[PDB]
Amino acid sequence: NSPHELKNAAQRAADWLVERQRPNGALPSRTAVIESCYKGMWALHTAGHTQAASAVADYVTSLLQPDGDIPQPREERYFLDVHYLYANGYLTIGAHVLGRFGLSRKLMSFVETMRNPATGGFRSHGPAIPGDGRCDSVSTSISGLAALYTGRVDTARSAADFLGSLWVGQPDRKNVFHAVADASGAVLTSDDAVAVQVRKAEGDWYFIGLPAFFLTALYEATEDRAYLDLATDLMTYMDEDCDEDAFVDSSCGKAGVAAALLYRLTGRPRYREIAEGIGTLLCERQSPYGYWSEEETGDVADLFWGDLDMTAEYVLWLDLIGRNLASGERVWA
């Protein structure tokens, strides 16, 4: 409920991760893949576990290719041709806040090579992965957020132009959110493209919530009204037009951070309710042992990559929601 309780829940999960961290810096995943620990540097840093976060940086650095990518180890389909750069985005942010300026420069440089200069979006499928050059809202939003942390504001602005075009070009937003555009910049409505079923409870809301977070952060960076209006449009869209699952599904953390940030920037109490309700909902789902999981309930020493990623992820969202609610209350009182 309170920002102190969100933070305490995050510190427990971070303690759970650090106790089971491997000597090479990898987090306790049942499959050694990058999609199990890409949020690890940033998450452990915000929890104060700077030597554990630096150890993850040691692990990430040893996997780095000369071009700045980490193409292996990757197994999950979503980290191959859905949002390949989703891992690279958190890696860039986590490295930069740690002061690993060489790691973050190389990571962000590769992210830039995947930018579509015509549209501002970022390619969904990595190198040597079959695909048609499509660009999705998640790859674009996380790369734009990585652009903000590394000071590449023009890249972040161009990424917001993509999200603005993707929002206006929606053919039927009341029923479906097409989160992908083709290489020319047109909204991609192909069956094999990510499309959120908005009036239904089938998840994938972070294709809307992560753009809402990134756009609010970009507004804070620039105080350009257009980025605020688009972020509030996405929040209104998720609150009124979308199913109740938009703030219940496991991917609702992005929108919760966006609402917490929007509360500190605007003071509108509806954003505090969305942030508090989401942050509370993640606290209730936490295992007493510290981790989050879909199936596991016992005192396990490792998790499958999806649960381990979600655990480090909720460390970030609970910490971000907590400090923006705490500061928003101080500001607007």
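Residue positions are given as counts along the sequence shown, with the first one as 1.
Mean C-alpha B-factor higher for 289 to 297, or for 22 to 30?
Averaged over C-alpha atoms, the B-factors run higher in 289 to 297.
Please work out which of 105 to 113 and 236 to 244 has the higher mean CA B-factor as recorded in the PDB entry.
That would be 236 to 244.
Between 149, 86, 122, 177, which one tops the list for Cα B-factor in this entry?
It is 177.
Checking the record values for 139, 216, 155, 170, which has the greatest CA B factor?
Answer for 139, 216, 155, 170: 170, with the highest C-alpha B-factor.
By the record's CA B-factor, is residue 74 among the lowest, middle or highest third of residues in the chain?
Its C-alpha B-factor, which the entry lists for residue 74, ranks in the highest third among residues of this chain.
Once the chain's modelled residues are ordered by C-alpha B factor and cut into thirds, is residue 271 in the lowest, middle or highest one?
Highest third.
C-alpha B factor of residue 251, ranked within the chain: lowest, middle or highest third?
Its C-alpha B-factor belongs to the highest third of this chain's values.
Third of the chain, ranked by Cα B-factor, where residue 212 sits
Tercile = middle for this residue's CA B-factor.
Cα B factor band for residue 42 (lowest, middle or highest third within the chain):
It belongs to the lowest third of the chain when residues are ordered by C-alpha B-factor.
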